[PDB]
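J.: I'd like to ask some things about the structure below.
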Ligand SMILES: *[C@@H]1O[C@H](CO)[C@@H](O[C@@H]2O[C@H](CO)[C@@H](O)[C@H](O)[C@H]2NC(C)=O)[C@H](O)[C@H]1NC(C)=O
Ligand SMILES: *[C@@H]1O[C@H](CO)[C@@H](O[C@@H]2O[C@H](CO)[C@@H](O)[C@H](O)[C@H]2NC(C)=O)[C@H](O)[C@H]1NC(C)=O
Ligand SMILES: *[C@@H]1O[C@H](CO)[C@@H](O[C@@H]2O[C@H](CO)[C@@H](O)[C@H](O)[C@H]2NC(C)=O)[C@H](O)[C@H]1NC(C)=O
Ligand SMILES: *[C@@H]1O[C@H](CO)[C@@H](O[C@@H]2O[C@H](CO)[C@@H](O)[C@H](O)[C@H]2NC(C)=O)[C@H](O)[C@H]1NC(C)=O
Ligand SMILES: *[C@@H]1O[C@H](CO)[C@@H](O[C@@H]2O[C@H](CO)[C@@H](O)[C@H](O)[C@H]2NC(C)=O)[C@H](O)[C@H]1NC(C)=O
Ligand SMILES: *[C@@H]1O[C@H](CO)[C@@H](O[C@@H]2O[C@H](CO)[C@@H](O)[C@H](O)[C@H]2NC(C)=O)[C@H](O)[C@H]1NC(C)=O
Ligand SMILES: *[C@@H]1O[C@H](CO)[C@@H](O[C@@H]2O[C@H](CO)[C@@H](O)[C@H](O)[C@H]2NC(C)=O)[C@H](O)[C@H]1NC(C)=O
Ligand SMILES: *[C@@H]1O[C@H](CO)[C@@H](O)[C@H](O)[C@H]1NC(C)=O
Ligand SMILES: *[C@@H]1O[C@H](CO)[C@@H](O)[C@H](O)[C@H]1NC(C)=O
Ligand SMILES: *[C@@H]1O[C@H](CO)[C@@H](O)[C@H](O)[C@H]1NC(C)=O
Ligand SMILES: *[C@@H]1O[C@H](CO)[C@@H](O)[C@H](O)[C@H]1NC(C)=O
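Residue numbers (full-length UniProt numbering), protein chains in the order written: chain A, 729 to 827, 849 to 1067; chain B, 923 to 1147; chain C, 1117 to 1147; chain D, 535 to 620, 641 to 676, 689 to 728.
And the structure:
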């Protein structure tokens, strides 16, 4: 959903600590100003993605002090107030399995923090999870309406064709089927780390692009040296402007290549962010009569889970 | 519904005329293009390392073989400006085409048809959508069903009458403290429990939460005829 | 009869079989 | 040490902040470098010491102001740095001056970051407050308790797509 926000300064990156080099950069006009506005718009859209996805409601729904789950065990999906940061037992594993930046952000680029902190993003999921357990299907389309969870699985069978008489008779057997399904996910994410690799690839995609842009400063780009001050010392000021122009042109191509990828990768994330905004709407909030949109099986109700630079969906299927 | 719907249409006409920031979604698309067009034009005033940004100035000063060296500096900077513009326009169009697919999807599902998917056509249960022409885009007016007034009701998953559980064919069970009623989920309409609105499945010893009650049978009063 | 509806006849639909459909109105009249 | 200076060491030059760390170079290695081959630390040509090189303080200047039709009040924001240059307050995103920290959280107006939003309110200025996620709603839950709508409202929502 959210992609790492990075604002690269084309004043410092192109010309490190050099005024005369910056005079050569001013010869190219708005190229610096334009590349900054492109990365700025990315940082704004990534903040708009979290608002259009994570928060589907304008109210914070919380669980009552007396927790009646209808036989299921929701302690895994529901947050724990005992921890210093509010998160579910599953999201605690989601933060650990997804993990230098300090060295590169001192090179003249800036990694911007997200507008919504992980504690606030978890409260969005806490509002959606506590709502579906209590308000169920109502709160997505309007004001929250309290409904017993024992009856919140009854109409969901009526939507997939199963007569709701199966629920109330098999509710004891479904309690074992659902609780075992949640337990297998916790063991899958904790033991196997390749399930969250979709988010790790996004972080690795950014970290590789960030490392790619920084490693280009050591390149010659056709110039005699890769250091601006070294060229000014070894060559005359007019003769250095020719060598510096090769560095600036090569470093601009480094930004134009990085900014191009970031604009393309952002559209890739926004394509998945629109799906996350659509899935939370159809899967989490309501019931999906569609097939295999919420995953394999007849969809019933979905559980959103906060994750770094994304979101994890738990889809209860029949 | 007439007072609710007809006033809701007027609220939008009052919101669009008085508040101009509601259309900022489309205003940003036009501004995104203007900022891309203006940036592309302002590059011709930049020297790009050349002595001047005017072709007639370079051709009139340096030799034809000397001008090609400086003109090479302009075109290289002007290609990088034009390629960057085309790069963004291809990316900006991908944003517009992705929204056009949603516009084509909502036009069929929201406007043309009826979408059961929640909050795809907007907050509320979708009824119908009204398309409106807008510059470089489209404005959708979605008629939705939003519940307003509610009240705490005593509910049970089942009704125990003859020793067999009774389940609603459509709706849920509610009670106002007098008699158990069968009402719609989105609307409260007290109705006497009858064999036509319920179906017999299982017994009273299985379902958790079943309550004892009497189901009206229309065949019994007709026995006198 | 509460779970079924009468449409057409037995001489059209392919695959129709002969059976006895329970009618709850019958035992109530005699009892 | 511990200041922004232009240093020239042996045949190496640069600009940054010199700080002695716990790193230990090999006796035959005078200069260290990072992943990018940019020098993160040096050894003094005279005295034997390990001086980590941290670049000078820099960041983005984020101007937070209401529209020209509202007011000329401005809250300057610095990124990834404490207050150095410089109602001088500090935030999670960095040093934020011109805005007043408020414990009461309201609806987000001007986005900043790290869950912080700014607005122009009350003798009125710009305030920096924690972004509110919406009004807390505790929905009662019970086995026999249910909420069935007794009345509805038809609302027409306006969706705008290019
Ligand atoms: C739901 O699962 C949790 C798992 O932590 C249960 O909590 C504990 O589970 C362990 C076994 O893994 C027991 O030994 C403990 O006695 C349980 N209680 C505590 C306080 O740790 C929890 O009891 C299960 N049931 C519900 C409804 O939460
Ligand atoms: C349900 O709510 C609607 C409003 O959403 C009520 O309609 C209003 O009723 C009052 C009664 O005095 C009138 O003064 C208002 O002018 C009505 N407004 C509209 C938009 O018509 C309605 O009365 C409520 N009750 C029912 C049964 O619908
Ligand atoms: C709850 O619903 C019942 C059934 O609709 C209400 O009972 C009716 O009340 C009205 C007004 O007092 C009487 O005129 C009817 O004859 C009653 N019908 C029956 C069959 O009892 C009851 O008043 C409602 N409110 C309460 C107190 O539960
Ligand atoms: C609903 O009615 C049933 C009987 O049809 C009640 O179950 C009986 O409970 C008594 C003790 O109170 C036993 O002596 C009977 O043998 C039970 N009968 C059956 C059919 O098991 C049941 O308790 C009633 N429930 C309520 C809430 O009134
Ligand atoms: C149902 O059984 C009848 C025989 O009892 C099958 O054939 C019918 O026989 C009667 C005479 O007894 C004829 O008048 C009918 O024209 C025959 N055909 C039908 C369909 O009525 C009949 O084929 C059996 N139907 C099925 C589908 O099992
Ligand atoms: C019953 O309806 C009320 C309508 O407000 C629900 O709201 C509760 O109202 C009581 C009034 O004393 C408050 O004390 C509760 O704190 C309110 N709860 C919430 C979360 O708003 C109430 O939840 C409904 N259910 C009950 C328990 O009667
Ligand atoms: C749903 O039913 C259960 C069981 O009757 C309720 O839990 C009881 O609550 C009372 C009153 O505080 C206690 O005396 C009991 O020990 C509880 N019994 C069990 C089995 O837990 C529960 O309170 C009801 N619904 C809610 C959410 O309150
Ligand atoms: C160099 O001169 C300084 C003067 O203080 C002395 O301390 C040091 O031991 C000499 N040798 C080295 C290591 O440069
Ligand atoms: C500023 O905006 C307000 C609200 O739209 C308006 O009433 C006022 O006339 C505007 N003032 C100017 C100078 O435009
Ligand atoms: C800012 O102050 C905090 C708290 O004293 C300190 O931990 C941190 O190192 C400081 N950062 C900077 C950039 O000075
Ligand atoms: C916020 O709370 C702190 C700690 O209690 C207090 O020192 C401070 O005066 C409060 N500020 C405001 C604006 O209420």
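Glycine included, each C-beta is placed from N, C-alpha and C at the ideal position.
At the level of alpha carbons, what is the spacing between residue 643 of chain D and residue 654 of chain D?
T.: For residue 643 of chain D and residue 654 of chain D, the distance between alpha carbons rounds to 7 Å.
J.: Give the straight-line distance between the Cα atoms of residue 947 of chain A and residue 1020 of chain A, rounded to the nearest whole angstrom.
T.: When rounded, the distance between both Cα atoms is 14 Å.
J.: How many Å lie between residue 573 of chain D and residue 1016 of chain A at the Cα?
T.: Answer to the nearest angstrom: the Cα atoms are 36 Å apart.
J.: Mind listing the chain C neighbours of residue 1063 of chain B? Cutoff is C-beta to C-beta under 7 Å, in chain order.
T.: Going along chain C, no residue has its Cβ under 7 Å from residue 1063 of chain B, so there is no contact; the nearest lies around 39 Å.
J.: Quick one: is residue 1073 of chain B buried, meaning 16 or more other Cβ sit within 10 Å of its Cβ, or exposed?
T.: The residue in question, residue 1073 of chain B, is exposed, as its Cβ has fewer than 16 Cβ neighbours within 10 Å.
J.: Assuming residue 964 of chain B contacts residue 758 of chain A under a Cβ cut-off of 8 Å, what Cβ separation, rounded to an integer in Å, is found between them?
T.: With 8 Å as the limit, residue 964 of chain B and residue 758 of chain A qualify as a contact, their Cβ atoms being about 6 Å apart.
J.: Who are the Cβ neighbours of residue 1128 of chain B in its own chain at under 8 Å, not counting the five residues just before and after it?
T.: Excluding residues within five positions, the ones whose Cβ falls inside 8 Å are 1087.
J.: Say the cut is 8 Å; is the CB of residue 706 of chain D nearer than that to a heavy atom of ligand 6?
T.: Residue 706 of chain D: yes, Cβ under 8 Å from ligand 6.
J.: For residue 705 of chain D and residue 1094 of chain B, I'd like the C-alpha separation in whole angstroms.
T.: Taking the straight line joining both Cα atoms gives about 20 Å.
J.: As an exercise, report each continuous beta strand (DSSP E) stretch of at least 3 residues that is fully enclosed by the region 1009 to 1092 of chain B, in chain order.
T.: Fully enclosed beta strand (DSSP E) runs of 3 or longer: 1047 to 1056, 1059 to 1076 and 1087 to 1090.
J.: Measuring only from the beta carbon, is residue 581 of chain D closer than 8 Å to any heavy atom that is part of ligand 8?
T.: Indeed, a heavy atom of ligand 8 lies less than 8 Å from the Cβ.
J.: Please confirm if residue 1106 of chain B has its CB atom under 9 Å from at least one CB of chain D.
T.: For residue 1106 of chain B, the answer is yes, since a Cβ of chain D falls inside 9 Å of its Cβ.
J.: Quick one: is the Cβ of residue 591 of chain D within less than 8 Å of any heavy atom of ligand 10?
T.: Yes, the beta carbon of residue 591 of chain D sits closer than 8 Å to at least one heavy atom of ligand 10.
J.: Using 8 Å as the Cβ pair cut-off and three pairs as the minimum, do the region 991 to 1009 of chain B and the region 967 to 978 of chain B touch?
T.: As far as the Cβ criterion goes, the region 991 to 1009 of chain B touches the region 967 to 978 of chain B, which means the pair count is three or higher.
J.: Check whether chain D comes within 9 Å of residue 767 of chain A, counting only Cβ atoms and requiring the distance to be less than that.
T.: Not an interface residue.
J.: Pairing CB atoms from the region 979 to 991 of chain B with CB atoms from the region 942 to 962 of chain B, are three or more of them under 8 Å?
T.: Cβ pair count under 8 Å is below three, so no.
J.: Would DSSP call residue 863 of chain A helix, strand or coil?
T.: Correct three-state label for residue 863 of chain A: coil.
J.: Determine which residues of the region 1023 to 1035 of chain A have a Cβ less than 8 Å from any Cβ of chain B, and write them out in chain order.
T.: So the close ones are 1023, 1027, 1030, 1031, 1034 and 1035.
J.: Does ligand 7 have a heavy atom nearer than 8 Å to the CB of residue 928 of chain A?
T.: Because no heavy atom of ligand 7 lies under 8 Å away, the Cβ of residue 928 of chain A does not count as near it: no.
J.: Can the beta-carbon of residue 716 of chain D be found closer than 9 Å to that of residue 1109 of chain B?
T.: In contact: residue 716 of chain D and residue 1109 of chain B (Cβ atoms closer than 9 Å).
J.: What three-state label does DSSP hand residue 787 of chain A in the structure shown?
T.: Note: residue 787 of chain A maps to strand in three-state DSSP.
J.: Can you tell me where the beta strand (DSSP E) with residue 962 of chain A in it begins and where it stops?
T.: Element bounds for residue 962 of chain A: not the beta strand (DSSP E) but the alpha helix (DSSP H), 946 to 964.
J.: So with CB distances below 8 Å, who are the chain B contacts of residue 780 of chain A?
T.: By Cβ distance, chain B contributes nothing, its closest Cβ being about 11 Å from residue 780 of chain A, past 8 Å.
J.: Between the Cα of residue 1117 of chain C and the Cα atoms of B/1132, B/956, B/1143 and B/1118, which residue gives the shortest distance?
T.: Closest option to residue 1117 of chain C, Cα to Cα, is B/1118.
J.: At a cut-off of 8 Å, would you count residue 603 of chain D as near ligand 9, judging by its Cβ distance to the nearest heavy atom?
T.: Indeed, a heavy atom of ligand 9 lies less than 8 Å from the Cβ.
J.: Going along chain B in order, which residues have a C-beta closer than 7 Å to the C-beta of residue 664 of chain D?
T.: By Cβ distance, chain B contributes nothing, its closest Cβ being about 14 Å from residue 664 of chain D, past 7 Å.
J.: What residue range is occupied by the uninterrupted alpha helix (DSSP H) comprising residue 680 of chain D?
T.: Any question about the placement of residue 680 of chain D has no answer from these coordinates, since chain D jumps from 676 to 689.
J.: Would you mind working out which of A/929, A/926 and A/798 sits nearest residue 710 of chain D, comparing C-alpha positions?
T.: Of A/929, A/926 and A/798, the residue nearest in Cα terms is A/798.
J.: Under a CB-based cut-off of 9 Å, is residue 644 of chain D close to chain A?
T.: By this cut-off, residue 644 of chain D is not an interface position.
J.: Can you determine whether any heavy atom of ligand 4 sits closer than 8 Å to the C-beta of residue 1126 of chain B, and answer yes or no?
T.: It does: the Cβ of residue 1126 of chain B is within 8 Å (strictly closer) of some heavy atom of ligand 4.
J.: Please report the residue range of the alpha helix (DSSP H) in which residue 899 of chain A lies.
T.: Looking at the DSSP string, the run of the alpha helix (DSSP H) that includes residue 899 of chain A is 898 to 901.
J.: Taking the alpha carbon of residue 834 of chain A as the reference point, which residue from A/871, A/895, A/906 and A/732 has its own alpha carbon closest?
T.: As shown, the structure holds no coordinates for residue 834 of chain A; chain A passes over it, running from 827 to 849.
J.: By the DSSP assignment, the alpha helix (DSSP H) with residue 1146 of chain C in it spans what residues?
T.: Counting along the chain, the alpha helix (DSSP H) containing residue 1146 of chain C begins and ends at 1141 to 1146.
J.: Residues in the same chain with beta-carbon distance under 8 Å from residue 771 of chain A, minus the five sequence neighbours each way, listed in chain order, please.
T.: The residues are 733, 734, 735 and 861.
J.: Does the region 1047 to 1061 of chain B come close enough to the region 1025 to 1036 of chain B that 3 or more CB-CB pairs lie under 8 Å?
T.: Contact between the region 1025 to 1036 of chain B and the region 1047 to 1061 of chain B is present, because at least three Cβ pairs lie under 8 Å.
J.: Does ligand 2 have a heavy atom nearer than 8 Å to the CB of residue 883 of chain A?
T.: The answer is no for residue 883 of chain A.
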